[PDB]
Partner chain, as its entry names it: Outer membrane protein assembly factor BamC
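A single chain, nothing else alongside it, follows as structure tokens in the form solved without its partner chain.
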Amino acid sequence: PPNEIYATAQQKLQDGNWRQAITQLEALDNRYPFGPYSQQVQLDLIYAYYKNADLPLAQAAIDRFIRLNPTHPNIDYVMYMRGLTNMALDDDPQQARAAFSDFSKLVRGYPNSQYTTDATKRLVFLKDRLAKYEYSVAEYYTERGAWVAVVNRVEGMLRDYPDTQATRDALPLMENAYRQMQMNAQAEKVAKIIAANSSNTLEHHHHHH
């Protein structure tokens, strides 16, 4: 009785009985996969797979929802969930890169979403993680004297993760790599960047566009 099965699944989700809720929701999605309530069932299944730590199933279900309903009113929430799932898969920064992309795509689509604030919080951690990885790579390239690869990695950190501890730590690798190449205009630029990067991070959550 699909309406009572649905009400039942909703209670199971509220109890945190992920396994039973997944069962009943999958059977509904089997039976009416393009029914009037199918997007509802799929959103709840996304959630239940995530909470049950079925992360590959959550990820696949998110991708299918986005493909099939690219303009849905709850897309903001589906991309929040895609960030959470990829972030859980991270705990080889592939999953962290996917989460950064998800959440940054969320913040630049729905700057007014209820999930805004938590996505921005998670982005601080992600940017820290990804910049640390890129710093390790820049160091390795330094060890090799691969000065052009050093400059490429650091400028990517400065472009994408400008306010992180790792980009701070990596700027002198970049100034060095240019100097090693006798590239004075470039090296002096980095020296400028370093002198000016305050630990004071700027806030613009109170600005609306």
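Residue numbers count along the first chain shown, from 1.
This protein has a second form, the form solved in complex with its partner chain, left out of what is shown; the following refers to that one.
Can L55 be called a contact residue for its partner chain in the entry with it bound at 4.5 Å between heavy atoms? Answer yes; at least one heavy atom of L55 falls within 4.5 Å of its partner chain in the entry with it bound.
So in the entry with it bound, is its partner chain close enough to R159 to count as touching (4.5 Å, heavy atoms)? Output for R159 is yes: heavy atoms within 4.5 Å of its partner chain.
Taking its partner chain as it sits in the entry with it bound, is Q59 in contact with it (heavy atom to heavy atom, 4.5 Å or less)? Although its partner chain is absent here, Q59 would stay clear of it in the entry with it bound, with no heavy atoms inside 4.5 Å.
Hey, in the entry with it bound, is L173 touching its partner chain, heavy atoms inside 4.5 Å? Contact with its partner chain, no.
Heavy atoms within 4.5 Å of its partner chain in the entry with it bound is the criterion; list the residues of 30-62 that meet it. In sequence order, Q40, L43, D44, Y47, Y50, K51, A53, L55 come within 4.5 Å of the partner.
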